[PDB]
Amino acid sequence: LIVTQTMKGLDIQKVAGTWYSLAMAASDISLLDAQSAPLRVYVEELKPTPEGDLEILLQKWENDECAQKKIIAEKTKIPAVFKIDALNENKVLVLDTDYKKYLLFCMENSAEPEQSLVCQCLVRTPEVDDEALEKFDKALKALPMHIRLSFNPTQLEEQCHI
């Protein structure tokens, strides 16, 4: 109930494949600040599953290392919102993609918006897409984002973005 966009027409099985965490943004700063901040996470691939769910694969800096985590995201009635497991009843919100170049999704927590919402601009290939960043950047004024991070193709090709 803060993210007012969500895409009508989501063919999930078309989001499959790899992506790079190019850009990402959040509501308060403590959440992404340092490499080891909680929602500092790097999406590496989308396996849409047969049930219609989506397995998410992502690296994250924690105990000194770049650590994989598998996150599975369960269907809901809305095609574009999926519920994730961990520490509250969750949403992954998919905002916009063309399937083939970029993909915009946020990640909130129904218990605590202005403190949980984190958003990401994903891309299919390790290069900056201005127009994706365009579309990312223009979708988060309706949102109270307070930190923005951008990464460059080299950091995209490395573990945990350096």
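For every residue, the number given is its place in the sequence shown, counted from 1.
The mean Cα B-factor in the deposited entry runs higher for 61-69 than for the other of 61-69 and 29-37. Two stretches are in play, 44-52 and 117-125, and the higher mean C-alpha B-factor belongs to 44-52. Per the deposited record, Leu143 carries the highest C-alpha B-factor of all listed residues (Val15, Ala23, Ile147, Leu143). The deposited CA B-factor of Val92 belongs to the lowest third of values across its chain. Per-chain ranking of the deposited C-alpha B factor places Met107 in the lowest third.
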